[PDB]
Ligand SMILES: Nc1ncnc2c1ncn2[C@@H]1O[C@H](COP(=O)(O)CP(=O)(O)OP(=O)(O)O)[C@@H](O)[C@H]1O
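As a starting point, one isolated chain is supplied in structure tokens, in the form deposited without the ligand.
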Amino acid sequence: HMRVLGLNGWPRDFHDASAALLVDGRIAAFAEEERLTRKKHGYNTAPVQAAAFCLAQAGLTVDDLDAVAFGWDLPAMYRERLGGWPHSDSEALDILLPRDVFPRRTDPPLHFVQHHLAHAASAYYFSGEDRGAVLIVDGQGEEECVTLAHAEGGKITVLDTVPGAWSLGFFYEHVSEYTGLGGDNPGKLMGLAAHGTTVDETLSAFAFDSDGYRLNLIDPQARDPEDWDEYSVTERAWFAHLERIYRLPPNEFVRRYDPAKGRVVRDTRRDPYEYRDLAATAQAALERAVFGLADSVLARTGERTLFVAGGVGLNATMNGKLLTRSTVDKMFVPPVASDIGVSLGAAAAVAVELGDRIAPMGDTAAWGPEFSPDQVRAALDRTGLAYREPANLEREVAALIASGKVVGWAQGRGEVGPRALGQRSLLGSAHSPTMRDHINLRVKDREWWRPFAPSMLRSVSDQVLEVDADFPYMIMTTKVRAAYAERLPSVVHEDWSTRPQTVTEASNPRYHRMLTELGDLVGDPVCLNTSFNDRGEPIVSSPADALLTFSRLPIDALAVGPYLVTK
């Protein structure tokens, strides 16, 4: 047995802390810190709880680990940008795995893995494909924002990098901030781009070529020597530039006491919808730049399989278009493309270095905590709420869904990454023409223009989608076929695009069953599947989490374990 605990998250100036445990190349456990702490984005923290969970889940202690792997070259970053790496391996271990939570007889080997390598590792080793081109597109690793590499024979070899100042991630963030959606919500920007019109995709900043892009707005060698990313530098350049060329100035945040809620709430001066054309344009500029990069690495390696990771990898809209490109046959992007994924990537890199074979993820991301019926009961009995234990839960849930009701679904092991995949999901009819507005405005109280996405049986996805492939992670848009382009109004765009999760019975028997039962009711085993949370809070993880969010939202029912709660 080779056991490698991979980590991300650090007390100084970090985000998306997470922890993954590989055992014999298999994922034993994987969790994001935010899910357990309830603090969004897992900011400025070692993945303390996530690692504790991995170890408990696998019944291990630190002393049972062959290696601890960290998904950045921290010593390097501390050398170049802070004037020295002051930590012994043991001292660093004390910070990443505090002894009061993680008792240990001795230190495990500590490995720092280069940030993009980890990103790449988390794509390649888990793709189930044995070779391909690697495209890593990011905010910024230690010094680079893009990495093009060749993945073959269990090896990842770098061909080229792009300096952070030219970051597509930072660009897209900055635009996201400029619009008032916020730099921490780029996904929203993507959503918004769909409502805009693109005028000049260069933004008078980018110049696109056949190998990607160049950004004459900023000197590519511009370092913010103070910090250890070029975020501030790119932020000034982009904000001043956008204000010059775009009709709207930066949207501003407004903080006022709301007597209705009894607190200071943050709002935006302008409606971010006003910025839709700027979103469209940013989206298009990102796509264009990324199309170039993809073509370039594909051709430099002579592969037709593409691997994508780094946070830009979360842009399903851009991925869908990569997939349909003539330069692309197959595509894998892991559900943990962002930094949460570099704990797993670091682990994989190390495990591979230690002689392990890494198994494929295989159409599921359900690696987080799960809870026994007794545990769920404990959480239920805490609330003093009445609940049933349906003979056939999956059928009853299907019936509620078919009737246009919204059902919280908390089953098995939490999924990892930003997307609910039927372990912690809010479910609704994919068939209702009013469901989208209902969930947006009445249920989640979020923006009217936000889109929804479907889960469907893999077994019918060939009839529903123009591509007969696995889409396990909702990480890629594709188009529906004619016969379904109006059947599914809540989850299909006017242009027939959608962002689907395909569901194998192996991946999720319960979800699979529920969908099957739904098909027997409304013809298609397809439903609307949106993240289970009140907006701005992370996806629920524990039954107590589920009950809390259920109690605060006008959801109709909660299916948590084998129990069903109604309002």
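Start at 1 and count along the sequence shown; that's the residue number. So that the term is clear: the rigid core is the largest set of C-alpha atoms that superpose within 1.5 Å between two forms.
Beyond what is shown, the protein has a form solved in complex with the ligand; the following relates to that form.
- Annotated contact segment (heavy atom within 4.5 Å of the ligand in the deposited bound form): 190 to 198, selected among 212 to 220, 90 to 98, 393 to 401, 190 to 198.
- Comment: the ligand is not present in this chain, but in the deposited bound form one of 317, 296, 459, 161 has a heavy atom within 4.5 Å of it, namely 317.
- In summary, among the residues 57, 504, 45, 533, the only one with a non-hydrogen atom within 4.5 Å of the ligand in the deposited bound form is 533.
- Contact check for residue 477: a non-hydrogen atom falls within 4.5 Å of the ligand in the deposited bound form.
- At the 4.5 Å threshold, heavy atoms of residue 35 stay clear of the ligand in the deposited bound form, well away from it.
- Mapping the unseen interface onto this chain, residue 131 falls outside it, with no heavy atom inside 4.5 Å of the ligand in the deposited bound form.
- Interface membership of residue 451, defined by any non-hydrogen atom within 4.5 Å of the ligand in the deposited bound form, is confirmed.
- The partner is not shown here, but in the deposited bound form the stretch 491 to 510 reaches within 4.5 angstroms of the ligand through a heavy atom at 493, 497, 498, 499.
- In the overlay on the core between the shown form and the other one, a shift of 2 Å or more in CA position is seen for a single residue of 267, 243, 329, 495, which is 495.
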